[PDB]
C-alpha cells in the first residue's frame, strides 16, 4: 500500500562509534542498513544540520551513510533542519554565520540548498524526498522566518525549493514541507493557508506534506484526529501525504501525558508497536495520496526514550538486536 516504508536512522554512525553492534532478529551481526532492508524498509530518513560543531549530521556525515543506504537498495529522504542543531516548533536557530535580513538570508538559503543538492548529486546520491525544514510549524530561521512573518516564510521556502529545482540532482527529489502535530487540522490549515496566500511560494513549488505523529505528547493525538486531519489536507491541497515521524513504546512506566483514547488498549511491547505502526500506516493509506510512514530512530538504543517521557521507544534490544516488531515494514 505505502510507497515509502521507512525509518529515520540518522544516529547510525553515532551509535556504531559508541560501540553498538547491530544484529538481525536471529542475533547475527549485520550492518544496520541491511537489517532494515531485510525487514521491509525501503527508505531511510536522515537529518541534515548546517555546521554542527562535532560534525554529527552535517553533509559529509549524511553523504557517508546515504552511500551505505544506497548500497543496501534503500532510498534516501533528506531532512534539512536549516540549523546547526535540532529544529522543531520551539527551536529554529539560525545557522552560525548566516545573515538575518530577509533579502540576504533568502539568497543564503538558496545557495546552501543548491550547494548541498549538487554535492549529493556529485556523490551519486539522489534522494527520493527532501524536506525544506523540519517541523516548521512556527516557521524557520528565526526570527526572520518566525511566525507570523508569513511573507518571509513563503519567500524563504520558495528560495529553498528552487535551490533544489535549480540543482543538478537527477532525478529530482519530491519536495516536502514538514509540520508537527499531524492530528491538529486547525494548525495545519492555519499554516498552509497563511503561507500560500502570500503568492511567493506556489502550490507547484512543493510536492509533499509531511506530518509528525506521536502518541505521548497529548491525548488529542487520536488516530481518528489524524485520519480527519490528513483527509482534510488531502482534499484541500491534493499533495502526497506522509507521516514522517512516529514512535510507539515498548516501555512507558512514567508518561507525562495521557495516551489518546483510541490507542489505550495497545500494549507497550514489540507486539504493541507492530499494531500501532500498522494502524498508522493504514490510516495514511486510507488517505488520498497518502504514501508514506517513517518510524523515528528505531535503533538509537543509547537514547531509548527518544526525547519523550516514555522509557523506551526503540525497536532494538539494548544489545543492538532487532526486535520482532521491525518486521512490520514487510506488512504495510
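Residue numbers count along the first chain shown, from 1.
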Quick note on 199-207 and 170-178: per-entry mean CA temperature factor is higher in 199-207
Going by the entry, of stretches 145-153 and 251-259 the one with greater average Cα B-factor is 251-259
Entry record, C-alpha B-factors for 246, 83, 106, 113; the maximum is at 106
Per the deposited B-factor column, the C-alpha that peaks among 298, 307, 290, 55 belongs to 55
The third of the chain into which the C-alpha temperature factor of residue 91 falls is the lowest
Of the three thirds of the chain ranked by Cα temperature factor, residue 77 occupies the lowest
Chain thirds by Cα B factor, record data; residue 328 belongs to the middle
Chain thirds by Cα B factor, record data; residue 45 belongs to the lowest
Residue 238: CA B-factor among chain residues, third -> highest
